[PDB]
């Protein structure tokens, strides 16, 4: 077997990828999302009740479908990053990255020694298909995609420095965390927040990195796509489930 090609990683340079957030924390719900045809699915280990084992179940469900899996760990924890890479997550989204030094450490966390600090356990890893991918330890690093989130004032205060880090493939703006950080909690739609988001997208793309964002607002999502934003999540499974069931009940009250 040859290593799984990371099409998400390649498509950062060639197209705009439409994403769905997956917080239902369940292999069965993840498979339903995998059938729709999203370019990427975000398995949320930060804000949904997920652990390594539930994330593995969702990777296994999604793997039969063309949608590319991206995993958000709860934090930029080097040992957790090791665990998520070994279960075979090829794209990681690190929350709350605030410095070049942190971004460099996240790069190393995703690469084998001697260049990085990724723990070696190829005989045990779904990532190597338990060494059925015979050249995994040579071919792994190339199909790993590192995304970091800028979603705090300190993040914005270190944006130029993070954008200068070789090995950061993309910067994702988190509007919920960023609008709260800016003193507009629950109101990312405010012009003060939006002007910062647009300037941030422009600076990310100007530095040759992929820009990413989530908006459940169709107008904002289409505006971000018009700016050339490379990876745009357009909804959340928990949100769509709740809203679809409420909208239906409202017809009958």
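Residue numbers count along the first chain shown, from 1.
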Legend entry - Residue stretch of maximal mean CA temperature factor, 79-87 vs 100-108: 100-108
Inset, instruction - Using only the Cα atoms and their B-factors as the entry lists them, report which of 49-57 and 223-231 averages higher. - result: 223-231
Inset, instruction - Identify, among 218, 44, 39, 31, the residue whose C-alpha carries the highest B-factor in the deposited PDB entry. - result: 218
Inset, instruction - Please pick out which of 179, 149, 128, 143 has the largest Cα B-factor as recorded in the entry. - result: 143
Legend entry - residue 208 CA temperature factor, ranked by third within the chain: highest
Legend entry - Chain-relative CA temperature factor third for residue 66: middle
Inset, instruction - Ordered by C-alpha B-factor within the chain, which third holds residue 159? Give me lowest, middle or highest, please. - result: middle
Legend entry - Position of residue 73 among the chain's modelled residues by C-alpha B-factor, lowest, middle or highest third: lowest
Inset, instruction - Give the position of residue 183 by CA B-factor within its chain, expressed as the lowest, middle or highest third. - result: highest
